[PDB]
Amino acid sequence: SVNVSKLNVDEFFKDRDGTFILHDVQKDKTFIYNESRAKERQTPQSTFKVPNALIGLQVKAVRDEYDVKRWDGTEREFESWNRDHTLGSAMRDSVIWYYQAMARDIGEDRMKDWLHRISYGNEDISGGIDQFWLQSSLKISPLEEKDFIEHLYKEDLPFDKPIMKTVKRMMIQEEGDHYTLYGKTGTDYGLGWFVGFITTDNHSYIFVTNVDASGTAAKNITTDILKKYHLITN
């Protein structure tokens, strides 16, 4: 079994400055590469979709993971964005407009009320009910991202128990034979997020990758770190 305090991932953060956080749930040991970066607050970008999904389900602004919002016909950057989407599928492809239509329904007040309840970074939605998390006022540190995620894994959050399990199922990236990979990406302005967790037989871990590349680059670093420590196989 892995000792997450003997970890070294320098070979993975060559060619792009970033940070990595892996917390053994059972053994209660957190490893941090580049403690400095892990401690500074940044835009959550699309990682905020996980809290936005919880609040939106909690206050019944959307129904389940399948709540359909029809595409408005505006053709946007990515083609996966230009079709009908649900809550889950919009979390899969980071379809910003779905979660934007949802945050408008959640409302300034309930979004400020819940952000202070789950202590998400600086809680500042001053940038707009549908903008604060996208290169704007709201900013959270990767370490605060790990903590939030850890809470959602343990279900220590003040959301309904089935709601947290609906959001966590939505974050599934790979259902391997010996592990289930959970996580959300975030991308923009040369900064990439990957936040989630991984379960094996008798083990589960919270991780947070943050790097000067894309989200996809952040996820590929994470899955590479996890492969180097026998956490991801097949």
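Residue positions are given as counts along the sequence shown, with the first one as 1.
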query: Given 211 to 219 and 21 to 29, the range whose Cα B-factors average higher in the PDB entry; finding: 21 to 29
query: 88 to 96 set against 101 to 109, stretch whose average Cα temperature factor tops the other in the entry; finding: 101 to 109
query: C-alpha B-factor winner, where the candidates are 36, 42, 200, 185; finding: 200
query: Chain third (lowest, middle, highest) by recorded CA B-factor, residue given as residue 162; finding: middle
query: Chain-relative CA temperature factor third for residue 206; finding: highest
query: Residue 134 - Cα temperature factor, lowest/middle/highest third of chain; finding: lowest
query: Position of residue 71 among the chain's modelled residues by C-alpha B-factor, lowest, middle or highest third; finding: middle
query: Third of chain Cα B-factors occupied by residue 191; finding: lowest
